[PDB]
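Asker: Structure provided below as structure tokens; questions to follow.
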Amino acid sequence: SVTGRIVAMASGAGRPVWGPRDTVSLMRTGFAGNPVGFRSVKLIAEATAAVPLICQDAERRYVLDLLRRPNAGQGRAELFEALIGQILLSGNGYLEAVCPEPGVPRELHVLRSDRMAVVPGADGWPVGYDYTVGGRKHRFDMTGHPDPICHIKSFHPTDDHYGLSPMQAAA
Amino acid sequence: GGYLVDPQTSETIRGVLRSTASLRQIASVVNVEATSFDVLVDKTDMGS
């Protein structure tokens, strides 16, 4: 945090850091191109969506109605098969939540990561995320407490904003 | 006694302040190790 004022001004304050250029040319050649890269992702994404979850920290194992039915489209397992299918492919999982209610948001949408980029800002954590499809942006805001995007990263040792995505290692 | 008195220097070597407006705030920067960078434009468009 004290080192936040020095890494963000060198990376560029208030701008979108795009990162990997071949994050989509590896998807169509390494996931729809060969069966081993196809099966290995679909093996894990169907497996991590199959393990159940328990609600601790409540002092007794019981939002479980949110995860089992996020939205009108994809089902509980369809949500995690798309979420883990982005972390294994591009190292970055994004989760939009719409909340007309003040707490416990209504829908969870897996924002796909290849059309998604961060902006660092002045200090520490990223200030916004830009969902850029076509030429059109969105500019979410993280300058508040509820923070409408969870950003799940895999481990990346040299970059400060993204994941490494084992498909990049086996390219 | 003139040798006994010694002036006190500043804490840090200070310099002239120069402006930091660099057109890098409005232009588009990319992180490209490659010995160059290419861009692809459409100087004209299709016809309908």
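Chain labels follow the order of the structure tokens: the first chain is A, the next B, and so on; residue numbering restarts at 1 in every chain, and ligands are counted from 1 in their shown order.
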Could you pull the residues within 12 Å of segment 6-8 of chain A, counting only C-alpha atoms, minus those fewer than 3 positions along the same chain, as an MDAnalysis selection string?

Answerer: chainID A and resid 1:3 11:17 118:127 159:161

Asker: Pull N, CA and C atoms from the residues just selected and write them as a PDB file, in the first residue's frame.

Answerer:
```
ATOM      1  N   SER A   1       0.830  -1.198   0.000  1.00  0.00           N
ATOM      2  CA  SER A   1       0.000   0.000   0.000  1.00  0.00           C
ATOM      3  C   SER A   1       0.867   1.251   0.000  1.00  0.00           C
ATOM      4  N   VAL A   2       1.890   1.257   0.856  1.00  0.00           N
ATOM      5  CA  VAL A   2       2.861   2.351   0.853  1.00  0.00           C
ATOM      6  C   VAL A   2       3.671   2.317  -0.436  1.00  0.00           C
ATOM      7  N   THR A   3       3.915   1.114  -0.952  1.00  0.00           N
ATOM      8  CA  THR A   3       4.510   0.972  -2.274  1.00  0.00           C
ATOM      9  C   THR A   3       3.473   1.072  -3.388  1.00  0.00           C
ATOM     10  N   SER A  11       3.412   2.410 -13.865  1.00  0.00           N
ATOM     11  CA  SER A  11       2.595   1.652 -14.806  1.00  0.00           C
ATOM     12  C   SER A  11       1.643   2.555 -15.575  1.00  0.00           C
ATOM     13  N   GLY A  12       1.355   3.739 -15.044  1.00  0.00           N
ATOM     14  CA  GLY A  12       0.476   4.675 -15.709  1.00  0.00           C
ATOM     15  C   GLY A  12      -0.845   4.856 -14.996  1.00  0.00           C
ATOM     16  N   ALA A  13      -0.999   5.979 -14.308  1.00  0.00           N
ATOM     17  CA  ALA A  13      -2.226   6.238 -13.562  1.00  0.00           C
ATOM     18  C   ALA A  13      -3.451   6.475 -14.442  1.00  0.00           C
ATOM     19  N   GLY A  14      -4.588   5.936 -14.015  1.00  0.00           N
ATOM     20  CA  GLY A  14      -5.846   6.128 -14.715  1.00  0.00           C
ATOM     21  C   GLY A  14      -5.892   5.751 -16.181  1.00  0.00           C
ATOM     22  N   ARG A  15      -5.247   4.650 -16.538  1.00  0.00           N
ATOM     23  CA  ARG A  15      -5.245   4.193 -17.924  1.00  0.00           C
ATOM     24  C   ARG A  15      -5.435   2.688 -17.981  1.00  0.00           C
ATOM     25  N   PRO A  16      -5.905   2.177 -19.123  1.00  0.00           N
ATOM     26  CA  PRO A  16      -6.104   0.731 -19.175  1.00  0.00           C
ATOM     27  C   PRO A  16      -4.885  -0.040 -19.672  1.00  0.00           C
ATOM     28  N   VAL A  17      -4.410  -0.923 -18.802  1.00  0.00           N
ATOM     29  CA  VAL A  17      -3.290  -1.823 -19.041  1.00  0.00           C
ATOM     30  C   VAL A  17      -3.845  -3.067 -19.715  1.00  0.00           C
ATOM     31  N   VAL A 118      -7.756  -3.878 -16.896  1.00  0.00           N
ATOM     32  CA  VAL A 118      -7.743  -3.132 -15.646  1.00  0.00           C
ATOM     33  C   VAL A 118      -7.331  -1.695 -15.933  1.00  0.00           C
ATOM     34  N   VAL A 119      -7.553  -0.815 -14.954  1.00  0.00           N
ATOM     35  CA  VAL A 119      -6.876   0.470 -14.889  1.00  0.00           C
ATOM     36  C   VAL A 119      -6.367   0.696 -13.469  1.00  0.00           C
ATOM     37  N   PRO A 120      -5.065   0.935 -13.274  1.00  0.00           N
ATOM     38  CA  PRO A 120      -4.528   0.975 -11.905  1.00  0.00           C
ATOM     39  C   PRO A 120      -4.937   2.204 -11.118  1.00  0.00           C
ATOM     40  N   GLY A 121      -4.795   3.392 -11.687  1.00  0.00           N
ATOM     41  CA  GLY A 121      -5.144   4.610 -10.990  1.00  0.00           C
ATOM     42  C   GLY A 121      -3.998   5.167 -10.163  1.00  0.00           C
ATOM     43  N   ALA A 122      -4.372   5.985  -9.176  1.00  0.00           N
ATOM     44  CA  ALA A 122      -3.374   6.662  -8.353  1.00  0.00           C
ATOM     45  C   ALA A 122      -2.760   5.689  -7.358  1.00  0.00           C
ATOM     46  N   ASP A 123      -3.554   5.050  -6.510  1.00  0.00           N
ATOM     47  CA  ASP A 123      -2.954   4.081  -5.604  1.00  0.00           C
ATOM     48  C   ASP A 123      -3.462   2.678  -5.361  1.00  0.00           C
ATOM     49  N   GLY A 124      -2.546   1.775  -5.031  1.00  0.00           N
ATOM     50  CA  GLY A 124      -2.894   0.396  -4.754  1.00  0.00           C
ATOM     51  C   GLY A 124      -3.700  -0.377  -5.777  1.00  0.00           C
ATOM     52  N   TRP A 125      -4.849  -0.852  -5.314  1.00  0.00           N
ATOM     53  CA  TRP A 125      -5.766  -1.663  -6.098  1.00  0.00           C
ATOM     54  C   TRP A 125      -6.348  -0.910  -7.279  1.00  0.00           C
ATOM     55  N   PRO A 126      -6.706  -1.649  -8.334  1.00  0.00           N
ATOM     56  CA  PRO A 126      -7.253  -1.055  -9.551  1.00  0.00           C
ATOM     57  C   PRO A 126      -8.520  -0.278  -9.247  1.00  0.00           C
ATOM     58  N   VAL A 127      -8.636   0.859  -9.916  1.00  0.00           N
ATOM     59  CA  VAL A 127      -9.734   1.799  -9.753  1.00  0.00           C
ATOM     60  C   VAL A 127     -10.950   1.369 -10.566  1.00  0.00           C
ATOM     61  N   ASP A 159       4.133  -9.882 -13.423  1.00  0.00           N
ATOM     62  CA  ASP A 159       3.105  -8.886 -13.675  1.00  0.00           C
ATOM     63  C   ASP A 159       2.334  -8.615 -12.392  1.00  0.00           C
ATOM     64  N   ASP A 160       1.787  -7.409 -12.297  1.00  0.00           N
ATOM     65  CA  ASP A 160       1.095  -6.961 -11.100  1.00  0.00           C
ATOM     66  C   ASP A 160      -0.415  -6.960 -11.255  1.00  0.00           C
ATOM     67  N   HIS A 161      -0.933  -7.333 -12.422  1.00  0.00           N
ATOM     68  CA  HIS A 161      -2.353  -7.155 -12.672  1.00  0.00           C
ATOM     69  C   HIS A 161      -3.062  -8.346 -13.293  1.00  0.00           C
TER      70      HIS A 161
END
```

Asker: If you run DSSP on the backbone, which residues of chain A are strand (DSSP E or B), as number ranges by chain?

Answerer: A: 17, 92-98, 107-109, 116-119, 128-131, 133, 136, 149-153

Asker: At a cut-off of 9 Å, list the chain B residues touching chain A, using only C-alpha atoms, as a PyMOL selection string.

Answerer: chain B and resi 24-25+28-31

Asker: Just the residues within 12 Å of residue 164 of chain A, please, counting only C-alpha atoms, with nothing from its chain fewer than 3 positions along; format it as number ranges by chain.

Answerer: A: 19-20, 23, 86-93, 152-161, 167-171

Asker: Calculate how many Å separate atom CA of residue 55 of chain A from atom CA of residue 78 of chain A, rounding to one decimal.

Answerer: 20.5 Å

Asker: Quick one, how far is atom CA of residue 26 of chain A from atom CA of residue 34 of chain B?

Answerer: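 A separation of 18.6 Å between them.
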
Asker: For atom CA of residue 111 of chain A and atom CA of residue 131 of chain A, determine how far apart the two atoms are, in Å to one decimal place.

Answerer: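 For atom CA of residue 111 of chain A relative to atom CA of residue 131 of chain A, the distance reads 8.1 Å.
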
Asker: Please, which residues of segment 31-91 of chain A, numbered as in this document, come out alpha helix (DSSP H) from DSSP, as a ChimeraX atom specification?

Answerer: /A:35-48,64-68,76-90

Asker: Produce a file of the selected residues containing N, CA and C atoms, as a short mmCIF file (atom, residue, chain, number, x, y, z; two decimals), in the first residue's frame.

Answerer:
```cif
data_model
loop_
_atom_site.label_atom_id
_atom_site.label_comp_id
_atom_site.auth_asym_id
_atom_site.auth_seq_id
_atom_site.Cartn_x
_atom_site.Cartn_y
_atom_site.Cartn_z
N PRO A 35 -7.27 -31.64 -29.18
CA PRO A 35 -8.12 -32.27 -28.17
C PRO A 35 -7.50 -32.36 -26.80
N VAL A 36 -6.17 -32.32 -26.68
CA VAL A 36 -5.55 -32.43 -25.37
C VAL A 36 -5.74 -31.14 -24.58
N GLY A 37 -5.50 -30.00 -25.23
CA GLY A 37 -5.81 -28.73 -24.60
C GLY A 37 -7.29 -28.48 -24.44
N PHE A 38 -8.11 -29.12 -25.28
CA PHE A 38 -9.55 -29.06 -25.08
C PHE A 38 -9.97 -29.86 -23.87
N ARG A 39 -9.52 -31.11 -23.78
CA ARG A 39 -10.01 -32.02 -22.75
C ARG A 39 -9.51 -31.60 -21.37
N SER A 40 -8.26 -31.15 -21.28
CA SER A 40 -7.64 -30.85 -19.99
C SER A 40 -8.31 -29.68 -19.29
N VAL A 41 -8.82 -28.71 -20.04
CA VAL A 41 -9.57 -27.62 -19.43
C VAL A 41 -10.97 -28.09 -19.05
N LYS A 42 -11.63 -28.79 -19.97
CA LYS A 42 -12.98 -29.28 -19.72
C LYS A 42 -12.99 -30.37 -18.66
N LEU A 43 -11.86 -31.03 -18.42
CA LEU A 43 -11.79 -32.00 -17.33
C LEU A 43 -11.77 -31.30 -15.99
N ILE A 44 -11.04 -30.19 -15.89
CA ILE A 44 -10.90 -29.48 -14.62
C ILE A 44 -12.11 -28.61 -14.35
N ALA A 45 -12.59 -27.89 -15.36
CA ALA A 45 -13.72 -26.99 -15.20
C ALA A 45 -15.00 -27.75 -14.86
N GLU A 46 -15.19 -28.94 -15.41
CA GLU A 46 -16.31 -29.77 -14.99
C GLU A 46 -16.10 -30.39 -13.63
N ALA A 47 -14.86 -30.47 -13.15
CA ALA A 47 -14.61 -31.07 -11.85
C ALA A 47 -14.71 -30.07 -10.71
N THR A 48 -14.15 -28.87 -10.89
CA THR A 48 -14.26 -27.83 -9.87
C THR A 48 -15.68 -27.31 -9.73
N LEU A 64 -26.28 -19.18 -0.50
CA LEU A 64 -26.27 -20.47 -1.19
C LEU A 64 -27.40 -20.58 -2.20
N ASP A 65 -28.44 -19.76 -2.07
CA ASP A 65 -29.46 -19.65 -3.09
C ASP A 65 -29.02 -18.78 -4.25
N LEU A 66 -28.03 -17.90 -4.03
CA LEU A 66 -27.48 -17.12 -5.13
C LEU A 66 -26.62 -17.99 -6.04
N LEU A 67 -25.75 -18.81 -5.46
CA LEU A 67 -24.83 -19.58 -6.28
C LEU A 67 -25.54 -20.69 -7.03
N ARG A 68 -26.57 -21.29 -6.42
CA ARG A 68 -27.28 -22.38 -7.09
C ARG A 68 -28.19 -21.87 -8.20
N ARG A 76 -25.85 -23.20 -11.83
CA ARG A 76 -24.78 -23.25 -10.84
C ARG A 76 -23.50 -23.81 -11.45
N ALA A 77 -23.58 -25.03 -11.97
CA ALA A 77 -22.40 -25.65 -12.57
C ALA A 77 -22.01 -24.96 -13.86
N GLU A 78 -22.98 -24.41 -14.60
CA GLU A 78 -22.66 -23.65 -15.79
C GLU A 78 -21.91 -22.36 -15.46
N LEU A 79 -22.12 -21.82 -14.26
CA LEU A 79 -21.40 -20.62 -13.85
C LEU A 79 -19.93 -20.92 -13.59
N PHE A 80 -19.66 -21.99 -12.84
CA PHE A 80 -18.28 -22.32 -12.52
C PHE A 80 -17.55 -22.95 -13.70
N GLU A 81 -18.26 -23.63 -14.60
CA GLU A 81 -17.61 -24.12 -15.81
C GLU A 81 -17.19 -22.98 -16.72
N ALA A 82 -17.85 -21.83 -16.62
CA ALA A 82 -17.43 -20.67 -17.38
C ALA A 82 -16.41 -19.84 -16.62
N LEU A 83 -16.46 -19.86 -15.29
CA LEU A 83 -15.53 -19.07 -14.49
C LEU A 83 -14.15 -19.69 -14.51
N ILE A 84 -14.08 -20.99 -14.20
CA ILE A 84 -12.80 -21.70 -14.21
C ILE A 84 -12.30 -21.86 -15.64
N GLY A 85 -13.21 -21.88 -16.61
CA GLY A 85 -12.81 -21.89 -18.00
C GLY A 85 -12.17 -20.60 -18.48
N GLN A 86 -12.23 -19.53 -17.71
CA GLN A 86 -11.47 -18.32 -18.01
C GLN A 86 -10.16 -18.26 -17.25
N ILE A 87 -10.12 -18.82 -16.04
CA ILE A 87 -8.89 -18.82 -15.26
C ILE A 87 -7.89 -19.81 -15.85
N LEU A 88 -8.37 -20.93 -16.35
CA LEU A 88 -7.46 -21.88 -16.98
C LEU A 88 -7.02 -21.43 -18.36
N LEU A 89 -7.79 -20.57 -19.02
CA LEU A 89 -7.49 -20.10 -20.36
C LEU A 89 -6.69 -18.81 -20.38
N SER A 90 -7.06 -17.84 -19.54
CA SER A 90 -6.43 -16.54 -19.56
C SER A 90 -5.94 -16.07 -18.20
#
```

Asker: Write out as a PyMOL selection string the residues lying within 10 Å of residue 99 of chain A, counting only C-alpha atoms and excluding same-chain residues fewer than 6 positions away.

Answerer: chain A and resi 105-108+146+148

Asker: Only N, CA, C and O atoms, please: the residues just picked out, written as a PDB file, in the first residue's frame.

Answerer:
```pdb
ATOM      1  N   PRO A 105     -26.437  -9.582  -3.939  1.00  0.00           N
ATOM      2  CA  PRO A 105     -26.839  -9.179  -5.298  1.00  0.00           C
ATOM      3  C   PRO A 105     -27.627 -10.249  -6.044  1.00  0.00           C
ATOM      4  O   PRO A 105     -27.581 -11.431  -5.704  1.00  0.00           O
ATOM      5  N   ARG A 106     -28.366  -9.815  -7.067  1.00  0.00           N
ATOM      6  CA  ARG A 106     -29.347 -10.693  -7.695  1.00  0.00           C
ATOM      7  C   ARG A 106     -28.700 -11.667  -8.669  1.00  0.00           C
ATOM      8  O   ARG A 106     -29.022 -12.859  -8.666  1.00  0.00           O
ATOM      9  N   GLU A 107     -27.808 -11.182  -9.523  1.00  0.00           N
ATOM     10  CA  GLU A 107     -27.262 -12.003 -10.591  1.00  0.00           C
ATOM     11  C   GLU A 107     -25.747 -11.952 -10.572  1.00  0.00           C
ATOM     12  O   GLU A 107     -25.149 -10.944 -10.198  1.00  0.00           O
ATOM     13  N   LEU A 108     -25.129 -13.054 -10.981  1.00  0.00           N
ATOM     14  CA  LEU A 108     -23.693 -13.120 -11.185  1.00  0.00           C
ATOM     15  C   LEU A 108     -23.425 -13.446 -12.643  1.00  0.00           C
ATOM     16  O   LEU A 108     -23.939 -14.439 -13.165  1.00  0.00           O
ATOM     17  N   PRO A 146     -18.519  -2.111  -2.014  1.00  0.00           N
ATOM     18  CA  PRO A 146     -19.015  -3.397  -2.541  1.00  0.00           C
ATOM     19  C   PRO A 146     -18.263  -3.936  -3.752  1.00  0.00           C
ATOM     20  O   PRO A 146     -18.247  -5.163  -3.915  1.00  0.00           O
ATOM     21  N   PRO A 148     -17.984  -4.027  -7.643  1.00  0.00           N
ATOM     22  CA  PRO A 148     -18.860  -4.934  -8.420  1.00  0.00           C
ATOM     23  C   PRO A 148     -18.125  -6.049  -9.175  1.00  0.00           C
ATOM     24  O   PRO A 148     -18.804  -6.902  -9.754  1.00  0.00           O
TER      25      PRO A 148
END
```

Asker: When you look at residue 94 of chain A with a cut-off of 7 Å (counting only C-alpha atoms), what residues show up, excluding the ones that are within fewer than 4 positions of it in the same chain? I need them as a list in words.

Answerer: residues 110, 111, 112, 113, 149, 150, 151 and 152 of chain A
